[PDB]
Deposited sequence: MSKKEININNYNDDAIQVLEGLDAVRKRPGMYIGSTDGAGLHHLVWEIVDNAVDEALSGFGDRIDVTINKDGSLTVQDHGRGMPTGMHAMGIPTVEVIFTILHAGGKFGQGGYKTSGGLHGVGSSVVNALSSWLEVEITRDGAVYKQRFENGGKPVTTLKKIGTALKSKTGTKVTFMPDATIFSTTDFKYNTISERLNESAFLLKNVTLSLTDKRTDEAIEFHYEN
């Protein structure tokens, strides 16, 4: 297996997200949502909140374990490896974003790393705050790169329908959508 940097994604976006129109834009949402859904599927967290922000960016927040906050080789945080080395969802989204923030809560601490310009770290993984020990999760916010996509307008109805489906397949997990551009909001939850 040959590892690559994020320029490989930026040079062939369609190989990773299919297209660079609205279909491809929304694939970015699906990759991050799927990581939250995978964590919920393993039993960590019972809500996944998606927000379309006024500035055009998109947030997905889970209440799972939190991504690991330790170091890889050479003092590089694990999180930075996940987001900056292509082996895949997190790194592909980072590559195709003009900026991305990951915020992790676990062990009584809140950490954040920020990337800009297609995934270049502008900070390390730094502790920015504290939280109760019981609090855990990951929050990813990303601004899709307007120089790559022909549209950067997230579609509330499109995300809504996908989250509803995902909620039906997961069971016993709340998926919520808020649009800060229009104030629209909906929640989905299916018991079994």
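- Within the chain's deposited sequence, the coordinate-free stretches run 1 to 16, 104 to 121 in sequence order.
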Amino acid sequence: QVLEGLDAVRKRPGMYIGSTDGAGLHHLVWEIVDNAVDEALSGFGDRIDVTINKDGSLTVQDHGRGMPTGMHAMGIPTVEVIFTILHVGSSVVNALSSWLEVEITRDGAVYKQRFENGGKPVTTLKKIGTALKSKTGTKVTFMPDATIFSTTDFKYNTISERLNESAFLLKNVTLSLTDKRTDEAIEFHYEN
From here on, numbers count along this sequence of modelled residues.
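- Annotation for 166 to 174 versus 10 to 18: the higher mean temperature factor (C-alpha) is found in 10 to 18.
- When 96 to 104 is weighed against 70 to 78, 70 to 78 comes out higher, by mean CA B-factor as recorded in the entry.
- Per the deposited record, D153 carries the highest C-alpha B-factor of all listed residues (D153, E31, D49, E39).
- The entry assigns its greatest Cα B factor, within the set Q61, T147, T130, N35, to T147.
- Sort the chain's modelled residues by C-alpha temperature factor and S134 lands in the highest third, per the entry.
- Remark: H87 belongs to the highest third of its chain, ranked by C-alpha B-factor as recorded.
- In the PDB entry, a CA B factor belonging to the middle third of its chain's modelled residues is recorded for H27.
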